[PDB]
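Below: the structure, in structure tokens.
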2 protein chains.
Amino acid sequence: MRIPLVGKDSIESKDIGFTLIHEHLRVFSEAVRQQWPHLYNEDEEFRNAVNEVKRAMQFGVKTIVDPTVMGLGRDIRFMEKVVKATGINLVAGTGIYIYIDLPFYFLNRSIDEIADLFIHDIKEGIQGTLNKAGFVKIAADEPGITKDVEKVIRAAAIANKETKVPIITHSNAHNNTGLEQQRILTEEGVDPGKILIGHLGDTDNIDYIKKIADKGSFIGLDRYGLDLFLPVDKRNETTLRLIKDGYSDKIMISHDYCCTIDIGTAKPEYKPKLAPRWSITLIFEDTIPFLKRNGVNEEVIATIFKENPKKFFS
Amino acid sequence: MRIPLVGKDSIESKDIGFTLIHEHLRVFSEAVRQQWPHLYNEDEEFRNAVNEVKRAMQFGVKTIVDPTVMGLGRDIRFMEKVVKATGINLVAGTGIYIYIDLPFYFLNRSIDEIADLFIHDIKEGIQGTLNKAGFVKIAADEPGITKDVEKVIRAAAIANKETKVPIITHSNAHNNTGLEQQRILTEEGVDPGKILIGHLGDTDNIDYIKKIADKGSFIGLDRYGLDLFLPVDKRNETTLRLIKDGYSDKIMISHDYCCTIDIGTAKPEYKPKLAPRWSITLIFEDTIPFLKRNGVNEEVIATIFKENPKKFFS
Ligand SMILES: CCCCCCCCCC(=O)N[C@H]1CCSC1=O
Ligand SMILES: CCCCCCCCCC(=O)N[C@H]1CCSC1=O
Ligand SMILES: [Co+2]
Ligand SMILES: [Co+2]
Ligand SMILES: [Fe+2]
Ligand SMILES: [Fe+2]
């Protein structure tokens, strides 16, 4: 017992198997869904998540890590239902996803108070259930490291030191938010190897990507299919080059796929342009085959999808 | 019938009686309550709301207008419960309360889509019930009229023009947001007399306040008790001056009282410093008696608390 699973006994990290380290069963804006429920369709949402997960499993995915947290509409009971329907190993997290400011709740509250929220989810359980958080998720994006973003990062560090769960980040690959997240976490005493810096796959600036890896953290080549950020072929070229340059033991790969997401950008009519082949199994259809016919040994595949997740959670 | 009430048949505006135009039964951050329910206590929240409303009614309040909307934790079923327990006339609103950016939901969504949400609440009902919204609430504060804040303002104008419900605003009294809100709404073709520009009582700059009244809108002297914004006695002096200068036709008075609110600023420890006498009945204890001692007659009080709300909703 080591990594907590939704709706299951916890597992030892050696038993995680082939892992997708960053996918979403469902993403929504909490306040919008609360205020305007007519916009949403839970049956559709359930069907989509179950269908995607089932296809992932038939490609041999054993574990999915789902970093839906506050600000992305985390719902542990929804996650429970998808587990019961599929039998997936599902790792749920805690944390806060913001780009600018915290919710008004956090006015005149300390970093300690925020960390207490994360530690609650990890140690006690999530949203009144006994499903526990297996990692902390934090974000920064275009606005950079604002005061409140930094507060959340330091709170995540406190949670990691207390509970030893790893940290997954959302960053923007085109500013230095990823590097800064790494810096602040490590200065606060987080083991660099307990950090996945997210969304670095959004750039082909490999010098920047290697910088983070060199400082000891996993690098998230983690949005395969999201062409609007970076097209699949450039992602593949970047992935291949990083492998050839010796970085396979820092690489993590995923789709960031949202089986449903409520943002207007994800309207069906935009899909062909923005994310034509985006799904939870694209890497099996494209990336892994591509790697194998470009000289990449099976051992590297094992490293990225089994060994690295195992280390991360160890 | 043409003001909708929570849990009651709609009433004619002439029957609104003595009104508190801006009070909150309960405020919370949607995403925080959703993610960490352990932080909250609905029984306590209910008791607080019921007790405050009961005292208001003892002092002759017939109708309370509650501008709790998206971003402040509007919950129409909680509101229903308080109505059942008290018998108050309660006017619920629709709208969006943001200072900077919209929820991610609204990425690549039009102003029209926003207005449709408001119009849904007005014409169809709120959160899956048949309780309908009687006004739209919008906000701006220190960050000023941002792109997204502006979008919401324009959506409110669409809603008013379509349904004729009035608009209540939140503004920052020190940075012209209230005047800008008025300008944008009236430029869109909203009748100035269907706008309440909020939180103008937070300043004793009467030149600024008069500017807004002169352009035909109601002026919100509406945070009595919140000394951290402006002390009661200075509000009183400002209120009295405006009345002496003939402006009672535009004056609206309230507390902005929150029977519960979840922000750290409102920890009990802080109340004596920030808001010692803040409650839903302060104006009966202090303000109204003060005005009377200064020669303000019953008719003026009736204009402010009965006639003006009547006009607002007519
Ligand atoms: C029609 C399809 C277009 C793609 C949707 C727009 C891009 C959405 C990206 C997205 O899902 N971002 C969130 C969710 C998981 S991580 C994160 O920060
Ligand atoms: C210790 C008690 C002092 C309260 C300080 C916090 C002031 C909150 C005022 C307040 O209510 N502001 C928001 C929330 C409801 S409407 C609105 O615009
Ligand atoms: Co992300
Ligand atoms: Co306000
Ligand atoms: Fe994600
Ligand atoms: Fe308010």
Side-chain angles (χ1 to χ4, degrees), chain B residues 17-24 52 55-65 67 168-179 196-214 217-259 261 265-266 270-309 311-312:
Chain B
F18 194 111
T19 298
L20 295 176
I21 196 80
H22 195 134
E23 317 284 347
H24 300 274
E52 284 298 292
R55 203 175 62 259
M57 296 179 76
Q58 182 175 321
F59 286 179
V61 174
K62 178 173 192 188
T63 299
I64 295 171
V65 181
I168 301 179
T169 86
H170 170 110
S171 80
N172 182 303
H174 304 301
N175 76 348
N176 287 329
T177 40
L179 195 60
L196 166 58
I197 300 301
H199 302 339
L200 296 180
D202 293 355
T203 187
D204 60 7
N205 188 349
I206 56 183
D207 276 336
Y208 178 59
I209 300 173
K210 287 188 188 179
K211 213 158 288 141
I212 284 129
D214 283 348
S217 297
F218 293 102
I219 49 169
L221 312 181
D222 59 18
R223 286 175 146 173
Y224 266 103
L226 288 159
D227 290 340
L228 83 163
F229 299 138
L230 191 73
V232 171
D233 56 350
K234 282 186 80 29
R235 296 175 176 268
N236 276 348
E237 291 295 337
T238 301
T239 301
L240 178 62
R241 172 71 186 277
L242 290 165
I243 295 163
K244 282 182 164 159
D245 284 359
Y247 279 90
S248 78
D249 61 300
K250 297 299 177 193
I251 286 167
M252 276 172 164
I253 293 168
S254 235
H255 310 93
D256 200 12
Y257 190 66
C258 301
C259 300
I261 179 165
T265 316
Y270 293 148
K271 184 151 152 82
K273 276 153 199 216
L274 299 190
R277 299 192 287 143
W278 192 35
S279 88
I280 210 167
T281 61
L282 180 48
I283 55 129
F284 299 107
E285 297 159 4
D286 191 315
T287 304
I288 286 178
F290 166 88
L291 295 173
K292 286 182 194 178
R293 288 198 307 278
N294 284 95
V296 178
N297 69 27
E298 279 314 291
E299 290 73 31
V300 177
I301 306 294
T303 293
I304 289 166
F305 291 102
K306 293 186 192 176
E307 289 310 301
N308 285 352
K311 298 195 289 244
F312 192 52

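Each chain gets a letter, A, B and so on, in the order its sequence line appears, and its residues count up from 1. For the numbers below, each heavy atom of this structure counts, side chains included, while hydrogens, waters and symmetry mates do not.
- Using a 4.5 Å heavy-atom cutoff, the side chains of B/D204 and B/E237 are not in contact.
- Shown here for B/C259 and B/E52, the closest heavy-atom pair between the two residues is SG-CB, 3.7 Å.
- Between B/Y224 and B/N236, the closest side-chain pair of non-hydrogen atoms falls below 4.5 Å.
- Remark: the backbone N or O of B/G17 is paired with a side-chain donor or acceptor of B/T19 at under 3.5 angstrom.
- Minimum heavy-atom separation, B/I304 to B/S248: CG1-O, 4.0 Å.
- The cationic group of B/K306 does not satisfy the cation-pi geometry with B/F18, failing either the under 6.0 Å distance to the six-membered ring centre or the 45° limit from the ring axis.
- Taking both residues in full, the closest heavy atoms of B/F284 and B/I280 are given as CE1-O, 4.4 Å, listed atom of the first, atom of the second, then distance.
- B/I243 contributes atom CD1, which lies 11.0 Å from atom OG1 of B/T238 (distance to the nearest 0.5 angstrom).
- The structure places CD1 of B/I283 at 14.0 Å from CZ of B/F290, a figure rounded to the nearest 0.5 Å.
- In this structure the side chain of B/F218 reaches within 4.5 angstrom of the side chain of B/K311, judged on heavy atoms.
- Within the 4.5 Å cutoff, the side chain of B/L282 has no heavy atoms near those of the B/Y257 side chain.
- For the atom pair B/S171 OG and B/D202 CG, the distance stands at 7.5 Å (nearest 0.5 Å).
- Between B/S217 and B/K250 the shortest side-chain heavy-atom distance does not fall below 4.5 Å.
- Side-chain contact between B/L242 and B/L221: present, with at least one pair of heavy atoms (C-beta onward) separated by less than 4.5 Å.
- Between B/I197 and B/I219 the shortest side-chain heavy-atom distance does not fall below 4.5 Å.
- Nearest heavy atoms, B/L274 versus B/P276: C-CD, 3.7 Å.
- For B/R235 (side chain) and B/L230 (main-chain N/O), a donor-acceptor pair under 3.5 Å exists by modelled atom type.
- Interatomic distance, B/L196 CG to B/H170 NE2, rounded to the nearest 0.5 Å: 12.5 Å.
- Going from atom CD1 of B/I64 over to atom NE2 of B/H255 covers 10.0 Å, rounded to the nearest 0.5 Å.
- Put simply, CG on B/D286 and CG on B/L291 are 9.5 Å apart, with the number rounded to the nearest 0.5 Å.
- At a threshold of 4.5 Å between non-hydrogen side-chain atoms, the residues B/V61 and B/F305 do not count as touching.
- Of the residues B/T169, B/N172, B/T177, B/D222, the one that meets the side chain to side chain donor-acceptor pair (under 3.5 Å) test with B/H199 is B/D222.
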